[PDB]
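A short worksheet on the structure shown next.
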Amino acid sequence: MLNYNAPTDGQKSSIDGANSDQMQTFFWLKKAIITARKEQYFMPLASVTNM
Amino acid sequence: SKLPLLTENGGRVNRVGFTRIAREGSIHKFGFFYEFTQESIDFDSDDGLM
């Protein structure tokens, strides 16, 4: 039986030999996870005197 | 020494026979196969594998 097996775990598919592997073992979700800028509470409290 | 010489009186001389041969041949059965799962097709990188 030709089995997909589990290439990501080192279990090659039946179709792949010693010198072959799956070209695409995963799908890339191109939208990355990012964190927002930390809030500021004291900067708005500061008055400005020109130097 | 084996020519079919015939004398003036004929007779039972120079009789011959014939032969035939039979040839024959037969046929034979062949075949092979392979198996596969659905995952081996759907999750494989190459869509032209089959």
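Ordering of the structure tokens sets the chain letters (A, B, ...), residue numbers begin anew at 1 in every chain, and ligands are numbered from 1 in the order given.
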Exercise for review: For chain A, work out the contacting residues on chain B at 8 Å, counting only C-alpha atoms, and write them as a ChimeraX atom specification.
Suggested key: /B:34-37,39-41,43-45
Which residues are close to residue 2 in chain B, i.e. within 12 Å by only C-alpha atoms, leaving aside same-chain residues fewer than 5 positions away? Reply as a compact mmCIF listing (two decimals) with N, CA and C atoms, in the first residue's frame.
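Wrote it out as selection.txt, contents follow:
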```
# COMPACT_ATOMS: atom_id res chain seq x y z
N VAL B 13 8.46 -53.43 -56.35
CA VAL B 13 9.79 -52.89 -56.14
C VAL B 13 9.71 -51.38 -56.02
N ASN B 14 10.58 -50.82 -55.18
CA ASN B 14 10.70 -49.37 -55.01
C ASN B 14 9.44 -48.77 -54.37
N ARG B 15 8.97 -49.39 -53.30
CA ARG B 15 7.89 -48.81 -52.52
C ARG B 15 8.44 -47.78 -51.54
N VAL B 16 7.66 -46.72 -51.30
CA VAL B 16 8.08 -45.62 -50.45
C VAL B 16 6.96 -45.28 -49.48
```
Practice item. Just list the residues in chain B DSSP gives helix (DSSP H, G or I) on the backbone, as a list in words. Key: residues 39, 40, 41 and 42 of chain B
Write the residues of the preceding selection, restricted to N, CA, C and O atoms, as a PDB file, in the first residue's frame.
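Now in part_6.pdb:
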```
ATOM      1  N   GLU B  39      -5.132   9.446   1.192  1.00  0.00           N
ATOM      2  CA  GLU B  39      -4.197  10.422   1.741  1.00  0.00           C
ATOM      3  C   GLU B  39      -2.932  10.506   0.898  1.00  0.00           C
ATOM      4  O   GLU B  39      -2.366  11.591   0.721  1.00  0.00           O
ATOM      5  N   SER B  40      -2.469   9.370   0.371  1.00  0.00           N
ATOM      6  CA  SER B  40      -1.271   9.373  -0.458  1.00  0.00           C
ATOM      7  C   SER B  40      -1.454  10.190  -1.729  1.00  0.00           C
ATOM      8  O   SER B  40      -0.460  10.543  -2.372  1.00  0.00           O
ATOM      9  N   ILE B  41      -2.690  10.490  -2.108  1.00  0.00           N
ATOM     10  CA  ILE B  41      -2.979  11.330  -3.268  1.00  0.00           C
ATOM     11  C   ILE B  41      -3.256  12.767  -2.855  1.00  0.00           C
ATOM     12  O   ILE B  41      -2.696  13.704  -3.426  1.00  0.00           O
ATOM     13  N   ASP B  42      -4.123  12.960  -1.860  1.00  0.00           N
ATOM     14  CA  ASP B  42      -4.579  14.307  -1.531  1.00  0.00           C
ATOM     15  C   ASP B  42      -3.491  15.115  -0.836  1.00  0.00           C
ATOM     16  O   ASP B  42      -3.328  16.308  -1.114  1.00  0.00           O
TER      17      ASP B  42
END
```
